[PDB]
Structures are given as structure tokens and as C-alpha cells.
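The structure appears right after this line, and notes come after that.
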Amino acid sequence: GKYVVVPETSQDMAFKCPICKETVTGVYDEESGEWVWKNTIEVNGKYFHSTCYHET
Ligand SMILES: [Zn+2]
């Protein structure tokens with residue numbers, strides 16, 4: 001259930017999931033006060049859906 005705060009260096013707030021090919025969008029959570037990418041993990045400098053990584 002870990003989430004990653006949407007990178008401000010990308011400025012598009014999205015990345016293309018290479019494993020199942022969905023465009024990953026993120027939402028601003030007003031309670032935590034940050035943009036969220038949930039079920040997401042960074043592997044070797046790239047962000048992937050954490051759910052998808054297990055298939056590889
Ligand atoms: Zn995915």
C-alpha cells in the first residue's frame with residue numbers, strides 16, 4: 001500500500017507502464033498534501049507499477 005509522491009521533475013505527472021502498457025496517472029491527496037502514485041515502485045531509476053514488477 002506504499003505510494004510514491006508524484007515527481008515534480010517530470011511535470012507531466014504520468015509514466016507509461018512498460019509491463020502492461022497503461023499510462024499511469026496520479027492524484028493529489030489533500031490529506032497528505034502530496035501527489036500520489038500508489039502501487040508504484042522505483043526500480044533502477046525508473047518508476048513502475050509495483051503490482052506489475054512481480055510478473056518480471
Ligand atoms: Zn501496470
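Going through the C-alpha cells in order, the chains are called A, B, and so on, while each chain numbers its residues from 1 and the ligands are numbered from 1 in the order shown.
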With only C-alpha atoms and all ligand atoms counted, collect every polymer residue having an atom within 9 Å of ligand 1; state the result as a PyMOL selection string. chain A and resi 16-24+39-40+48-53
Contacts of region 32-38 of chain A within 7 Å, only C-alpha atoms, excl. fewer than 3 positions in-chain, as JSON, numbers by chain: {"A": [1, 2, 3, 4, 5, 6, 26, 27, 28, 29]}
Write the selection just made, keeping N, CA and C atoms, as an mmCIF file, in the first residue's frame?
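Output (selection.cif):
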data_model
loop_
_atom_site.group_PDB
_atom_site.id
_atom_site.type_symbol
_atom_site.label_atom_id
_atom_site.label_comp_id
_atom_site.auth_asym_id
_atom_site.auth_seq_id
_atom_site.Cartn_x
_atom_site.Cartn_y
_atom_site.Cartn_z
ATOM 1 N N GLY A 1 0.805 -1.206 0.000
ATOM 2 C CA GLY A 1 0.000 0.000 0.000
ATOM 3 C C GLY A 1 0.841 1.261 0.000
ATOM 4 N N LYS A 2 2.136 1.093 -0.234
ATOM 5 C CA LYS A 2 3.055 2.221 -0.304
ATOM 6 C C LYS A 2 2.802 3.022 -1.571
ATOM 7 N N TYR A 3 2.942 4.331 -1.469
ATOM 8 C CA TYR A 3 2.792 5.200 -2.619
ATOM 9 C C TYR A 3 4.029 6.065 -2.759
ATOM 10 N N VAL A 4 4.235 6.592 -3.943
ATOM 11 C CA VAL A 4 5.349 7.481 -4.198
ATOM 12 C C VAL A 4 4.807 8.835 -4.616
ATOM 13 N N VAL A 5 5.343 9.893 -4.031
ATOM 14 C CA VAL A 5 4.914 11.239 -4.360
ATOM 15 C C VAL A 5 5.274 11.547 -5.807
ATOM 16 N N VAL A 6 4.299 12.053 -6.558
ATOM 17 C CA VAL A 6 4.481 12.305 -7.982
ATOM 18 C C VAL A 6 5.627 13.274 -8.213
ATOM 19 N N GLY A 26 -1.524 10.186 -11.630
ATOM 20 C CA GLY A 26 -1.521 10.288 -10.191
ATOM 21 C C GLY A 26 -2.438 11.385 -9.707
ATOM 22 N N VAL A 27 -2.898 11.261 -8.474
ATOM 23 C CA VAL A 27 -3.885 12.181 -7.931
ATOM 24 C C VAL A 27 -3.301 12.917 -6.733
ATOM 25 N N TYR A 28 -3.734 14.148 -6.534
ATOM 26 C CA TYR A 28 -3.286 14.940 -5.408
ATOM 27 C C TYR A 28 -4.118 14.607 -4.181
ATOM 28 N N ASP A 29 -3.468 14.122 -3.138
ATOM 29 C CA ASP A 29 -4.148 13.833 -1.887
ATOM 30 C C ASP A 29 -4.002 15.001 -0.935
#
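Secondary structure by DSSP on the backbone puts the following residues of chain A in strand (DSSP E): residues 3, 4, 5, 14, 15, 16, 23, 24, 25, 27, 28, 29, 34, 35, 36, 37, 38, 40, 41, 42, 43, 46, 47, 48 and 49 of chain A.
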Which residues in chain A does DSSP call helix (DSSP H, G or I)? List them as a list in words. residues 50, 51, 52 and 53 of chain A
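Taking CA of residue 11 (chain A) and CA of residue 41 (chain A) as endpoints, the distance between them is 18.2 Å.
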